[PDB]
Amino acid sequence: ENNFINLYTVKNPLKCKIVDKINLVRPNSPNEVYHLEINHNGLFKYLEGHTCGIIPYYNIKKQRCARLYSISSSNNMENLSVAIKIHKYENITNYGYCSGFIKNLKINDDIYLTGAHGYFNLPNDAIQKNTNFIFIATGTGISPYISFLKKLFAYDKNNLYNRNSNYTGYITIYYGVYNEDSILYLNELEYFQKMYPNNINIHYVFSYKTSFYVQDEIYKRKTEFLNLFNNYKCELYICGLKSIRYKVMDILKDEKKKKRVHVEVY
């Protein structure tokens, strides 16, 4: 620990089985996205904030080309989660490489993963320090913050009535999708806000209705927002598309005291 990075490469993928395959979005979201419940036998080692690689079709032509997908489960969960938007052109029409693999994916199917990737992780002392957070996400970008939240708060899906252990840090989440029906992991987000009204705050920026996104909602709250960052030393986390970085970073008006600003973009 924690040199989990690259325990399984494309040179040695890990046979895993699908355990569940669930639609993350309701009928009012244009996008299609599947949460995967993946059985790795406790063998696949990873760390909240980590991405895993899936090699489409691993047993024509090869076909040994992988895509990364952020894990959205806590280390502490028997099987692991992951969320995948199906990409189409341009329904019943055409698909991207991985997209199509996952579109035809069936339960108890072989899926081949690749060792931990990335460094978007939480701080190590975060759980004891009661450290504070500002998570910023678009679309599938919420994944890491779900895993983040399953850790900070007690996860158990089967024990959702207690207790639960509290990090009592303050967490502010800016989440931007198209509409309500397009927000990944609603059941959990709604639950977290419900169980911990003094620890988690969610700002949803919806695309539908010049254009207005999550950085624009962050500017519009810029005086309030900085408090969080400096007064509560709120840790900075950006995950999603490039565009987010500039408008939130250039709102800083610094010193390698900006450390803890984590930018991940895909």
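Don't overthink the numbering: it's just position in the shown sequence, from 1.
Going from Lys209 to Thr210, the model skips 4 to 9 deposited residues, which lack coordinates.
According to the entry, the stretch of the deposited sequence that connects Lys253 to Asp254 contains 4 to 9 residues lacking coordinates, which leaves a gap of moderate length in the model. Looking at 126 to 134 and 104 to 112 together, the entry lists the larger mean B-factor for 126 to 134, computed on C-alpha atoms. In this entry, 213 to 221 has the higher mean Cα B-factor, the comparison being between 213 to 221 and 43 to 51. Comparing the listed residues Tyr57, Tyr34, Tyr232, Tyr69, the entry records the largest Cα B-factor for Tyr232. Take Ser81, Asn159, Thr140, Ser182 and read off each C-alpha B-factor from the entry; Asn159 has the highest. Per the PDB record, residue ranking by Cα B-factor puts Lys150 in the middle third of the chain. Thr168: CA B factor in the highest third of modelled residues in this chain (values from the PDB entry). Split the chain's modelled residues into thirds by C-alpha temperature factor. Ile38 is in the lowest one.
Placement of the Cα temperature factor of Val248 within the chain: highest third of the modelled residues, per the deposited record. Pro27 sits in the lowest third of its chain by CA B factor, as recorded in the PDB entry.
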